[PDB]
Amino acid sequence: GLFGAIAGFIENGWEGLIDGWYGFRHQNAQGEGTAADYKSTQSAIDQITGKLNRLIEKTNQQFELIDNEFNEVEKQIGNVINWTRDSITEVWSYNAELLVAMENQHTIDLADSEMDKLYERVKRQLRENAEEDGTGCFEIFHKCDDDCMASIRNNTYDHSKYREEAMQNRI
């Protein structure tokens, strides 16, 4: 993707993440945990869903018969009709192919974007209390128990509360 997270510095996805599109996996002395992030998941779902509803918008155009399946029309006008119909069919086959390909490129890139946005949100939450390891994880330079992890996940983590300890541990 254009943002190099989903197929990039995040090496693969989590098949156990069944509760959302994006999420957090934490590690501390109390153990390991995995939870889904609602805001990013719903953001991506909302954009792809809006795209889908956009693509199935119905427009009422009626076309009638100009050919004859039982008694073939005159040769010259029949060849003109056949040429026109085949040209239009080619135009719409091209439009469908291009439309689906472009939409797919953009969908993949948009999901990549939402992943990167979640990662950056957490990075700005942690401020000077953590460092990126380069695989999508933040090494936290202070003890972060389950309540601390939960405060990161629901955006109530106060970096000042741990700053002096973490800064000292980074030097």
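Numbers follow the displayed sequence, beginning with 1. What we label the rigid core is the largest C-alpha set whose atoms superpose within 1.5 Å from one form to the other.
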item: Core-fitted comparison in 9 other deposited structures of this protein, 9-17 vs 146-154, farther C-alphas; value: 9-17
item: Positional deviation of Cα atoms in 9 other deposited structures of this protein after core superposition, greater for 108-116 or 51-59; value: 51-59
item: Per the entry, higher mean C-alpha B factor between 57-65 and 99-107; value: 57-65
item: Greater mean Cα temperature factor according to the PDB record, 137-145 or 112-120; value: 137-145
item: Top Cα B factor in the deposited entry, candidates 47, 40, 34, 125; value: 34
item: Residue 155 CA temperature factor, ranked by third within the chain; value: highest
